[PDB]
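In the form deposited in one PDB entry, a lone chain appears below as structure tokens.
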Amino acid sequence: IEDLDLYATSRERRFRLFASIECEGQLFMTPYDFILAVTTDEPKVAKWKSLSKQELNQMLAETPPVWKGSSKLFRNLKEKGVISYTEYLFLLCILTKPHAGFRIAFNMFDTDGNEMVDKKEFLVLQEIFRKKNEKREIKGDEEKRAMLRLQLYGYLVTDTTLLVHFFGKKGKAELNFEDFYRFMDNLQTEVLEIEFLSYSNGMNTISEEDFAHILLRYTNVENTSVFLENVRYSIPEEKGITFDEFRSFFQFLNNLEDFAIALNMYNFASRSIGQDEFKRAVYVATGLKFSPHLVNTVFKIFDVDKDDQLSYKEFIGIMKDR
């Protein structure tokens, strides 16, 4: 409850805010609750359904096998599934990875090198985070800390939607790199689709005012309203952003590092890039092809100086790394 927030991290408070399933004191998110957790700010309604272990396992008995993955996995599993806190963290982490990172992640999992991931490999990290936070060095409020620990990790282990989806109902299936990649690619694409569609209202395009508005979640914009007032007046016509362009730009945001390397020669010289070699830098660094409309829109959103060029802290410096 409100009691246990005072003992909790930001991420733990937010997990608890969006979670709706309790089973033997462990709290859970449904796939819909996760979609809301990543596309929304706060829930709209307050409450909180409590399951026994076998009504939960009937809820899971459906779960599609891994080969049924699609950007619509989580929306077809609307509320018929369960996600733990660790699993939540996993999914959040996926949302920020570049595609090459999927391989870094897979290799971080495959402790033994056979190029598959056991259920038991996959479970070691929930084991690691469970143990770590427990603090036998910090005294006081042990019972409330234990309750929050239970809420977040339980106490082989309660089956979950990702656990059954990945390793089957018996837990003996294994995951190769290709399925892992497809799960993370399909989840990135799902979250992007839900945001885009949340603004398109049935069109091919979202407005650039809505584009920029979504962008401000990724920025350290000191005054949010002054920046939106800058896009509304800098761009008197709206031509609209297509889904391909919106996906292009967020794939690029996950490859921002490689972009900084590419423009490093510019930043050593304190010089600003133009839109042509901004586009070309995006291509050679990321492999993505930005439309001239997308590039032009980014420039009108971020080029405050109004030179039709972008300096280091007009774009790259302003993006947050979380």
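Residues carry their position along the shown sequence, with the first being 1. C-alpha atoms forming the largest set that superposes within 1.5 Å between two forms make up the rigid core.
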* Using none, 1 to 3, 4 to 9 or 10 or more, say how many deposited residues go missing between residue 47 and residue 48. => 1 to 3
* residue 155-residue 156 interval: deposited residues absent from the model -> 10 or more
* Pick between 209-217 and 196-204: the one whose mean CA B-factor in the entry is higher. => 209-217
* Mean C-alpha temperature factor, higher of 182-190 and 244-252 -> 244-252
* Asked: Highest Cα B-factor in the deposition, which of 74, 106, 122, 129?
  -> 129
* Return the residue from 39, 30, 272, 70 that has the highest Cα B-factor in the entry. => 272
* Asked: Lowest, middle or highest third of the chain for the C-alpha temperature factor of residue 177?
  -> middle
* To do: Name the third of the chain's ranked CA B-factors that contains residue 266, choosing lowest, middle or highest.
  => highest
* **Chain thirds of CA B-factor: placement of residue 82** => middle
* With respect to C-alpha B-factor, does residue 133 fall in the lowest, middle or highest third of the chain as deposited? -> highest
* To do: Within this chain's modelled residues, let me know which third the CA B factor of residue 237 belongs to: lowest, middle or highest.
  => highest
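Although it is not shown, the form deposited in another entry is what the next lines describe.
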* Structure fact -> A Cα shift of 2 Å or more between the shown form and the other one, after fitting the rigid core, is seen among 102, 196, 250, 183 only at 102
* Asked: residue 127: with the rigid core matched between the shown form and the other one, does its Cα shift 2 Å or more?
  -> yes
* Asked: After superposition on the rigid core, does the Cα atom of residue 218 shift by at least 2 Å between the shown form and the other one?
  -> yes
* Asked: Does superposing the core leave residue 308 with a CA shift of 2 Å or more between the shown form and the other one?
  -> yes
* Structure fact -> With a difference of at least 3 Å, the CA distance of residue 235 and residue 247 in the other entry shows the atoms farther
* To do: Based on a C-alpha change of 3 angstroms or more, tell me if residue 126 and residue 183 lie closer or farther in the other entry than in the shown form.
  => closer
